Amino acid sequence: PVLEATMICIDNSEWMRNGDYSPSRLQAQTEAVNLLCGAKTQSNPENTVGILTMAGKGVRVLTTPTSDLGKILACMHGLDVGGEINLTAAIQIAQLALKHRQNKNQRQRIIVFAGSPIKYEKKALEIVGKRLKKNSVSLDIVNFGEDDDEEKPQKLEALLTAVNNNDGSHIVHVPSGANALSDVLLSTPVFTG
């Protein structure tokens, strides 16, 4: 259905080493990401999926959006881990990758896996959100990580509110528990559209 270029922003921050999402937030995220790359690429053969990491040794685009699922998934192996997510830099870069998409018919979507504290002012985030809304970028936020920042879901909801257009943007708040991160997302619009 939806023809979409999606840029998936991966949290590879130090917070991802945490095993509160078994076996690690990184692994829980990687599986969700892989499934999402699969679901996005298979929902429409002209969908493209790119991946960037938000943290580590700096924001890094693993692949710009591509239909090449093997290339996408190959990016998920051997991620570096450290630092803090640079959510704004990641969204900025993700936006650029999406504006640069070859098939302009594509809708543009950033998926953010926020598995670590959102250290940016809420107002700064609603700004980002409105910027994305102006630039016709939908945003899905996967909010996970029990790091005890209570502002985060609200900050990310505020980011969500600002960017959301025609119900194209979504936030899923996924605490750790009996369900893997990916299993929780499978029933959400992050996966169902």
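Residues carry their position along the shown sequence, with the first being 1.
J.: I'd like to know whether residue 20, which is modelled here, goes unmodelled in a third or more of the other compared entries that cover its flanking residues.
T.: Across the other compared entries, residue 20 is absent from at least a third.
J.: Among the other entries that model both neighbours of residue 157, does it go unmodelled in a third or more?
T.: Comparison shows residue 157 kept in all of the other entries.
J.: Averaging C-alpha B-factors over each stretch, which comes out higher, 162-170 or 23-31?
T.: Higher of the two, by average CA B-factor, is 162-170.
J.: Of the two stretches 114-122 and 75-83, which shows the higher Cα B-factor on average in the entry?
T.: Higher of the two, by average CA B-factor, is 114-122.
J.: Highest CA temperature factor in the entry: which of 42, 66, 53, 154?
T.: Top of the list by C-alpha B-factor: 154.
J.: With respect to C-alpha B-factor, does residue 135 fall in the lowest, middle or highest third of the chain as deposited?
T.: Top third by C-alpha B-factor.
J.: Where does the C-alpha B-factor of residue 2 rank in its chain, lowest, middle or highest third?
T.: For residue 2, whose C-alpha B-factor we compare with every modelled residue in the chain, the answer is the highest third.
J.: Would you please rank residue 109 by its C-alpha temperature factor against the other modelled residues of its chain and give the third it falls in: lowest, middle or highest?
T.: Lowest third.
J.: Where does the C-alpha B-factor of residue 36 rank in its chain, lowest, middle or highest third?
T.: Lowest third of the chain for residue 36's C-alpha B-factor.
J.: In terms of the chain's CA B-factor thirds, is residue 127 lowest, middle or highest?
T.: Highest third, going by the recorded CA B-factors of the chain.
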